[PDB]
Each structure stands twice: as C-alpha cells, then as structure tokens.
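**Q** Chains as they are written, first to last, in the entry's author numbering: chain c, 2 to 272; chain R, 9 to 74; chain O, 2 to 89; chain F, 1 to 103; chain U, 2 to 71; chain K, 13 to 129.
All C-beta atoms in this analysis are idealised placements derived from N, C-alpha and C, irrespective of residue type, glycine included.
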Amino acid sequence: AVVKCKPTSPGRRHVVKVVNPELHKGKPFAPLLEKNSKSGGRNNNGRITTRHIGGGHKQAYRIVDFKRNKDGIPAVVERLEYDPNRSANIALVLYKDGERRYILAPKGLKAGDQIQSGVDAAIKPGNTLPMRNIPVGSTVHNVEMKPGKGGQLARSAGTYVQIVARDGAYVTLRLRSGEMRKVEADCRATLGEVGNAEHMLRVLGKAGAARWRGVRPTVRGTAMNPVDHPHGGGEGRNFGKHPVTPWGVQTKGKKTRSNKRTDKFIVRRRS
Amino acid sequence: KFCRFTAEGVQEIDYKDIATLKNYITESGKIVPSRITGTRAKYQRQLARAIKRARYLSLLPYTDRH
Amino acid sequence: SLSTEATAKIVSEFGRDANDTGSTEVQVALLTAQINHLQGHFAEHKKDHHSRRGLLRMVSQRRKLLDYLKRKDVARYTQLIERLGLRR
Amino acid sequence: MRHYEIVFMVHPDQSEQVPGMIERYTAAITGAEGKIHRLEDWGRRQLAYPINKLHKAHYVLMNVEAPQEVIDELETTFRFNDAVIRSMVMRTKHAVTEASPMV
Amino acid sequence: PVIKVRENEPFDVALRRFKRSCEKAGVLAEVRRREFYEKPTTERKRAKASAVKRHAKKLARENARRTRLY
Amino acid sequence: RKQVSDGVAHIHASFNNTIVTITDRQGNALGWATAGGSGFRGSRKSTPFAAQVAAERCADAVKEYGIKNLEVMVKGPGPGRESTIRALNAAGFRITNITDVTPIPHXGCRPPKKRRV
RNA sequence: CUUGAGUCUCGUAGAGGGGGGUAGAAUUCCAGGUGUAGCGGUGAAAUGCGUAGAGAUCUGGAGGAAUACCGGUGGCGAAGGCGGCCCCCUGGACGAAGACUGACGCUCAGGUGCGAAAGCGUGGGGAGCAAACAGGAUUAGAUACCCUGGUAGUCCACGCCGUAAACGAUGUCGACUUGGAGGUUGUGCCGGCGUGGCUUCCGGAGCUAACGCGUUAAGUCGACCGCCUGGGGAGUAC
Ligand SMILES: [Mg+2]
Ligand SMILES: [Mg+2]
Ligand SMILES: [Mg+2]
Ligand SMILES: [Mg+2]
Ligand SMILES: [Mg+2]
Ligand SMILES: [Mg+2]
Ligand SMILES: [Mg+2]
Ligand SMILES: [Mg+2]
Ligand SMILES: [Mg+2]
Ligand SMILES: [Mg+2]
Ligand SMILES: [Mg+2]
Ligand SMILES: [Mg+2]
Ligand SMILES: [Mg+2]
Ligand SMILES: [Mg+2]
Ligand SMILES: [Mg+2]
Ligand SMILES: [Mg+2]
Ligand SMILES: [Mg+2]
Ligand SMILES: [Mg+2]
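1. Taking a Cβ distance cut-off of 8 Å, strictly less, list which residues of the region 24-48 of chain U are near chain K, in chain order.
2. Can you check whether the CB of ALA62 of chain R is closer than 8 Å to the CB of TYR23 of chain R?
3. What is the DSSP secondary structure of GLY222 of chain c, counted as helix, strand or coil?
4. Can you name the start and end residues of the beta strand (DSSP E) that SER87 of chain F belongs to?
5. Measure the CB-CB distance between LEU67 of chain R and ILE33 of chain R and report whether it falls below 8 Å.
6. Flag this pair as yes or no: are the beta carbons of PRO107 of chain c and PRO85 of chain c separated by less than 8 Å?
7. Considering just the uninterrupted stretch of the beta strand (DSSP E) at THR77 of chain F, what are its terminal residues?
8. Is the Cβ of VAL3 of chain U closer than 8 Å to any Cβ of chain R?
9. Who are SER118 of chain c's beta bridge partners in DSSP?
10. When we look at the beta-carbon of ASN143 of chain c and count the other beta-carbons within 10 Å, is it buried (16 or more) or exposed?
11. Taking only three categories from DSSP, how would you classify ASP13 of chain U?
12. Within its chain, find whatever has a CB closer than 6 Å to the CB of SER157 of chain c; leave out the 5 residues flanking it on each side and keep chain order.
13. From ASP21 of chain O to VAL12 of chain O, what distance separates their C-alpha atoms?
14. Return the residues of the region 35-62 of chain R that lie within a Cβ-Cβ distance of less than 9 Å from chain U, sorted by chain order.
15. Would you mind working out which of O:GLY86, O:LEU3, O:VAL27, O:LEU70 sits nearest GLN35 of chain O, comparing C-alpha positions?
16. Give a yes or no on whether 8 Å exceeds the smallest Cβ distance from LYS24 of chain R to chain F.
17. Where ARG24 of chain F and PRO50 of chain F are concerned, what is the direct C-alpha to C-alpha distance, given to the nearest angstrom?
18. From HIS58 of chain F to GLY16 of chain O, what does the alpha carbon distance come to, in whole angstroms?
19. Which residue marks the beginning of the alpha helix (DSSP H) containing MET59 of chain O, and which one marks its end?
20. Any beta carbon from chain F within less than 8 Å of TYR64 of chain R's own beta carbon?
21. Going by other Cβ atoms of all chains shown within 10 Å of its Cβ, with 16 needed for buried, is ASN63 of chain F buried or exposed?
22. What do you reckon, are the CB atoms on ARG270 of chain c and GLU199 of chain c nearer than 8 Å?
23. Tell me the residue span of the alpha helix (DSSP H) that contains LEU39 of chain O.
24. For the beta strand (DSSP E) holding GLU5 of chain F, just list the boundary residues, first then last.
25. Along the chain, where does the beta strand (DSSP E) containing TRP42 of chain F start, and where does it finish?
26. Please list, in chain order, the chain R residues whose beta carbon lies closer than 7 Å to that of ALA48 of chain F.
27. Is the distance from the Cβ of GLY55 of chain c to the Cβ of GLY41 of chain c below 8 Å?
28. Which two residues bound the contiguous beta strand (DSSP E) that contains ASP168 of chain c?
29. When the distance is taken between beta carbons, is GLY193 of chain c closer than 8 Å to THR140 of chain c?
30. Would you list the residues whose beta-carbon is nearer than 6 Å to any heavy atom of ligand 4, in the order they occur in the chain?
31. Can you name the start and end residues of the beta strand (DSSP E) that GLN153 of chain c belongs to?
32. Thinking just about the alpha-carbon of each residue, which of c:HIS25, c:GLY151, c:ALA155, c:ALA61 is nearest to the one in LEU93 of chain c?
33. Comparing C-alpha positions only, which one of c:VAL17, c:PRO32, c:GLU185, c:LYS59 sits nearest to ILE267 of chain c?
34. Which two residues bound the contiguous alpha helix (DSSP H) that contains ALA103 of chain K?
35. What whole-angstrom Cβ distance do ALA66 of chain F and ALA32 of chain F have, given they're in contact under 8 Å?
Here you go:
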C-alpha cells in the first residue's frame, strides 16, 4: 500500500511509503542467509571505482533460487519476506520433500499458493518452465539467458518480459527496456510479473533516506574546479562546453555499447 | 417480403443453418436490410446475431475479399 | 437476483405460510438477503453505478417497510431486526 | 448446471487426434456430473476465410449441461491446446437434443 | 464486387455488370461517406432531418393526389 | 524478356490522379503509368481522359511481356475507374475479370476533419 | 377494507451496467520481393515525399483505436449516456393467471449520490486524429478559413473537476377529457377480432400574444418542490 506521511516535520512532509502488511514481520529463514559486507564502491586496489557508494544499513544476503531447478516436486508458499538486497519481495517456499528455498515473489503470489517447475508444470504465475514449453505471448520474469545458468532478466520489482515469437532454437523476447532480444528456447522463465509493482511509487522524502540505502551525495561537475572535472571552473555560474563524464566522454546521447560478440542476439535495440 | 420465420414457427435462427443465412446476405457478404427481405424486426435482430456468430466460426465470410 | 429456491426458503422461514409472500417480514428478509448478497458484487465492481442504483432502491424500500412495521407492531419489528442483524 | 453449446475447430493436420479430444472432454464433463446432450463430429470443412494460413479445419459440436467451473476449465484447455484453432462457447436456454443442420 | 467475365460476353456488357455490382454494394457512397469525420451530433442531425423530410414529402404527395391542379 | 501472357491491372483511382500498375498474378509489377505522368497536370490530371491515356501508356509499357489476359482490380472513387478499363480493353487485352478492391474499414481509424471551404 | 403502493410464481424483449476474452475489415509503421519516375495536394499552387528507388503492387511482422453491413423519427437507461461476437457478475421494465401484505403513499428545503466534452494529478499506452506549434498558400494584412506536417489530448487504471443550447429550452406524482395513421414489445380468442407497455406523425375541443400544444397537453384539476419580477452594469465585485 502507498501511504503518504503527515507533515509533522519538514523531513516527513514529502515522504511516501510502501506498506505491505503481508510481509513476514519476524526474522528471515536462517539457513538461507549469509553475510555480505559493504564495499564503499572500492575494488581490490582499494580505489573508488563506483562513486557515491557508502554507509547505509547492515544487510544479510538471502540465497534466492534463480535457477528453479527442482523439477516435478511441488512447493507451497509459506510466507513473503522483505529482502534488503533487491527491490522485489521474496517468498519462502517449502517443497514436499522438506526442502525450503527463497524465490522472487511474483505478482499475486501469497501464502498457501502452490508452485512447480519443469517441462510439465502448469501455466500459472510462479511456475517455471523452459521457454519452449511456454505459450508465445506469455508474460514471464526471471528469464534465463543461457540454459541452466539461472534467471538474469526481469528480476526487479514490477518487471516482466513478453515472449513475442519462437523461431526454431530461439525465442524472441521484449525486454522491459524495449529491446527485442533472442535467447535459446531451452532457457527457463517463470510465469507472471515480478511483484511489488508499487515500489517505484515511494518517495524518499529526505536526504537521510538516501543515506540509509548506502547512497552518498553526488557533486555536480560544474560545482568543481577545472583540475577536478572538465565542467569545473568559472567566475560565477559558467558552463560553455558539451557535457561530459568526469573522464571526458560526452554524456548526453553518445552511445557506448561495443560488444560485437552479442550483437547477433539483439533483434532491435530499445530506442 | 414474406417473413419466413414466423410462418415456420422458429424459436431461434440457428447460426449453423448456413442455407437459410445465405438468403440474408448479399453476394459481397453484407447483411441484407429487412426493408428488402421483409423480415420482421425481431427476427432481423436474431438473424444479425446468427450471421455474426457464423462469421466468427468461418462458416460465412465477412466479405468477398478475404 | 435471488434464485427461486432461496426466495422460497426465506418465504417459508419468515412467512406465516408458504403462500404468505407479501407480509412485511418476508419482504424485509428478501431485501436483506439480496442486499447482503450484492455486497460481494459491489466489492468487486465498484464502478457499477447503474446496478448500485437498484441496490440503493432495495435499501430505501427496506427502510420504508421497517418504519411501517415499527409504527404498526413494535414487537414484530424488534424480532425481525434481531433475526436479520439490522441496526434499526 | 447450465446448458452450453460448444464448437471447436482443430488443425486439419491433427484430425486423428479429434476422437481422443472428444472422449477426454466428455470425460471431464461427465466426471463433473454433467451430461452430453448432443455431439456431432462434422469432420473437415473448408473455412470461409483463411485462419493462420489454413484453409480447412475439423469442426466438433457439443451440447453439454455442466456447472460453470468445468466449462471454464474446458475453455482454458482450448486456450492452451495449439491443435484447437478456434472455439465458441454459447449459453443455451435448454438442452438441445437434436440433429444440427450440418448432419 | 468480384465479377468474372463469362464466355462469348462482349466487354461492354461485362463492364456494365461490374458497374451495377459496385453501385449495388455502395462502394462509392461508402468511400465518400468516409472521407472526413462527421461528429455524432452532425450524423444524428442528418438522419433526423432526412427522416422528417421523407415523411413530410410522403404526406404532401398523399394529400396532393386529392388535389386537382386545374 | 520473360513472357507472362496473364496479368493483373491495378487501377488506383483517387480524386486527384490515376495510377495504373500491371503485374503478374503473383503481384510483381511489370510496368506502370499515371495520369499525372502522361502530360496532364492540375485540373486535367484528374479526368477520365487522362486516365485513359495512362491506361494506354501502361499497356504500351508491358508490350515486351506478351500479356494477353488481364484481371482488373479497381480501387478508389476517382474519375478514372471506368475509362481505364475501357482503354485496357481497346488496347487488345482480354479482360477476364473485374474486381473492386476499394478498402472499407469495418467501424477503423478516425478520418481527417471536414474541410471548411 | 383493498381500489393506491408493494411481495411471490411463470415468461418476454432490450447498444441498461461492471469485469474478462476474442474476431474480421482498415490505417500506420517495420522487413523484404517486383518495378521506375514520379507521388501527394489545391480553386490554382507550393511547402512536403521520391533515383539514397518513392508512389503503385505482393509477402511477412508489430501495434493502437474503432466495430461497415444489420441500423430503423428501432431499442435500453433517472439523467449523463449505451452499438462486432462470446462468457462471468448484475440493475431495471413489461405481460398473463392467480396468491399474499394491507395505505406500507406522493412530493421534498437542507443533505447525499450520479453526472457529456474539455481540463487536472499519478502511472501506463499512443495506430489514426489533432488544440498548440512550424512551414506553404491566400490576402492590403491573414496571428484564420485551404495545404503539408505536428505535440498535448483523444485510449487504459485510479483519483479530482461538477460544468454544457446537461434541450422537449416544457419539475415530479395522480385523475379526467372527441379522433386518425404508423413503429416496437407482450398477451387472449378464432390471416380476422380483442387487450396491455413503450413510442413517431397528424389533428378536434380547449388553451395560447402568436407560433403552436393537443390523452406522451402547453386542455381540465389536485399534492409538493424549484424558479422569475425592465435593459445594461453582472452571474460581475467583495
Ligand atoms: Mg552516482
Ligand atoms: Mg542527484
Ligand atoms: Mg568553487
Ligand atoms: Mg580539464
Ligand atoms: Mg556570469
Ligand atoms: Mg556565455
Ligand atoms: Mg485532405
Ligand atoms: Mg437540493
Ligand atoms: Mg475526457
Ligand atoms: Mg491525463
Ligand atoms: Mg500520436
Ligand atoms: Mg491542419
Ligand atoms: Mg447551468
Ligand atoms: Mg444531450
Ligand atoms: Mg435531444
Ligand atoms: Mg434549463
Ligand atoms: Mg398536433
Ligand atoms: Mg463567478
């Protein structure tokens, strides 16, 4: 549910919250957790390689089954859980043999729902099948890009892919970006959309809410000195140059894809 | 004129009766106005429904240019 | 609307006979049954204004019949509103 | 328990599957305690216009008396069966036990 | 209006047959009707006026058949 | 070059012009002529006579193919519907079929607004 | 008490409403084939498009919107409105025999709800059309009408707005008072004769300033409500 906060303080006036009472209020399933400590956006050279990363709340990693490889064994959704590591919610599922797994929560899924993977799994949200067994036109998420590798496409809250055509060993998919893309029809996908679609409707409201998520401030290039950034300098507010990255590449329209190895799988780019 | 369905005591028009329905469509496949065939209004509506159902099942064409 | 069976069952239960379809208790019980049933319809179809006009007519007629019954025989009125779970 | 008239058209390259389809659908209906009032295998007819580049289809006509849920299940079956190229489910006021003008 | 030219049929006759088929199917009237958008208010006004004029003309004809001009 | 002996005459008869394209029965164009390209502009372009001349010129443009029989598909409300067919017949073609293929929406898209002249 | 009002039983017609699915026609776009010099447009032009191969024609694909014919001074809805086909949920109307309740009715300030199109917010979608905008014309000028393009918007979900020549410019309910010709939808009896509902046109008395209205009254009456009081200033200012 999308809920506005009352303006009892200026940092709360513009806050808009996404409240989901269905989400488990207790602790997550301990055997599927592992630690994941923060990087500050620094690599193994200790250098910042991605700016604006630091701080934010401590988070444990939930081992999510993106492969959905447990074919022919039914599972029942025990509960939906908040996952700090991603926009989508996750579902703790219990298989009939006694194994528990986390999956991405599809839209509509709730406690008690049954799911199944495999070639003969029914066409129902949450079920996972090779895409050669999924009707053309269907809406899917957690799409594999190579068979058995595990889902890599349409995993964020609200996202989905459409299977638009099947041609031989390949299907043509319409990605959320608008790109038309081919992957092998043996790649697995899960029926339905990723849930938590109202995720984009939240409004952080204040600076500290970005800080809680481990986002550090962005400093505009034009606010600096020339030594720091191509945009730097000027007596007063000056610009007078074509916008570039800190490293000098044009940053308004200039294209950067260069992967001749995967060009064959792109039917048409997003535009 | 001579609305046939009252004289035949029909309860419906039966979209599966393509013989009857062909007498209510022109050579281009259009439904014929009841002011030409003399059909009564109630049975003209039944006839239009039946023809549309037959067109959906490809028992009749929509036009002569498919 | 109410099926033949549900209507006949309400008539038998609230009427003084299976022929007594017209008594105020029978009319109020039939209206209450349809109103309660239609709650599920309008929970799903919130923009079904045209049907909701008929529903509000049911509510208004039931209110008028209840007022008539209360003014005519208060004990019957009390029994009825307790059986059907109506506030007033 | 309502009366339905069902017509479904099968890909002409799967005509020999039609008997199994008919038995399976009848079985689902009768297991739901429904009845088969009419059942006509029209066989292969020429379409009045192409459907998915096809010029023929195998028509089957059923008049059943079943609860709504089994009819929805049957419509879902038609949806996901690529052999069924088109179908129409109509409500009828009463059971139609007769011979259609196609026989 | 599909027309097949029959054997030993002069061209002008078959052209007339095609022309009558087209005039019967109302293709040119439909094309002219669909050149421009007419608002529903204009369409209803046109239909109503046509019906009114048809009725008034019919009544005038019926009541003129009872009228001697000389 | 290739000899066809069986073709289709497509007459695009609009209010302002007439395009005559002669194709084989599979839809491949063999030659074309238009009223606008036959020495007629403006007012003269949209006349039955300009359409007749276009029909003659298109018939000339396909002489090398040895076409003898013509199906005729007429499309549009223009003044060149009939005179084009007459000129194709007088050109010596055996017209075996005449069809009207004018597109009619079954509702379709909203037409442009009415002109106020 | 049963005659007004209502309940029940059996049927009937209907673009009444809400939700979901689906079909065929067409436009546009994309890919390719054939082909070659024009296309498009107008009063006439030009802008525009086209040898970087358009327009025409054929094939395959994508997508959105609307449902030709039927179709009708036809139907349904309180009004606004509602139109392919199929299913699910659902409101009202009407008719025939009865049975039932027993004045439970009518109207309604305030209140509440619904309420075309345009508009507004958030998120989608976007074929066609098209305010704005641009160019080409026309003209004395032409911030237009005409042309070539074209963005909001038009579409969807949810919320707001609450107004229209929202009109029959005619408030609701009941009773009564010569006729004629139709439409539509029931029903009774034997194509004929009845009997109900809704509806179109003409017209009599009467009414009306007149125009006209005329059993669907603007006639003859009763109940209740809304509203008017010279034109402008002004449905404006506060
Ligand atoms: Mg950054
Ligand atoms: Mg920033
Ligand atoms: Mg500084
Ligand atoms: Mg520098
Ligand atoms: Mg300065
Ligand atoms: Mg400067
Ligand atoms: Mg134009
Ligand atoms: Mg008021
Ligand atoms: Mg609007
Ligand atoms: Mg908007
Ligand atoms: Mg657009
Ligand atoms: Mg314009
Ligand atoms: Mg007003
Ligand atoms: Mg109006
Ligand atoms: Mg009006
Ligand atoms: Mg008024
Ligand atoms: Mg009159
Ligand atoms: Mg004001």
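**A** Considering the structure as presented:
1. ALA26, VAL28, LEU29, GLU31, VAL32, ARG33, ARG35, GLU36, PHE37, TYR38, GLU39
2. yes
3. Three-state DSSP puts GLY222 of chain c in a helix.
4. Taken as a continuous stretch (DSSP letters only), the beta strand (DSSP E) holding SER87 of chain F covers 84-92.
5. No, the Cβ-Cβ distance between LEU67 of chain R and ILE33 of chain R is not below 8 Å.
6. no
7. Unbroken run through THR77 of chain F is the alpha helix (DSSP H), 68-79; no beta strand (DSSP E).
8. yes
9. c:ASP72, c:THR129
10. buried
11. Helix.
12. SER88
13. 7 Å
14. Result list: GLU35, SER36, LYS38.
15. O:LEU3
16. yes
17. 28 Å
18. 57 Å
19. 50-73
20. At least one chain F Cβ lies under 8 Å of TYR64 of chain R.
21. buried
22. no
23. 25-45
24. Taken as a continuous stretch (DSSP letters only), the beta strand (DSSP E) holding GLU5 of chain F covers 2-10.
25. 35-51
26. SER66, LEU67, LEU68, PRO69
27. yes
28. 162-168
29. yes
30. c:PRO227, c:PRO231
31. Where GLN153 of chain c is concerned, the enclosing beta strand (DSSP E) starts and stops at 152-154.
32. Closest in alpha carbon position to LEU93 of chain c, among c:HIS25, c:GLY151, c:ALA155, c:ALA61, is c:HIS25.
33. c:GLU185
34. It is not in any alpha helix (DSSP H) - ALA103 of chain K carries neither H nor E in the DSSP assignment.
35. 6 Å
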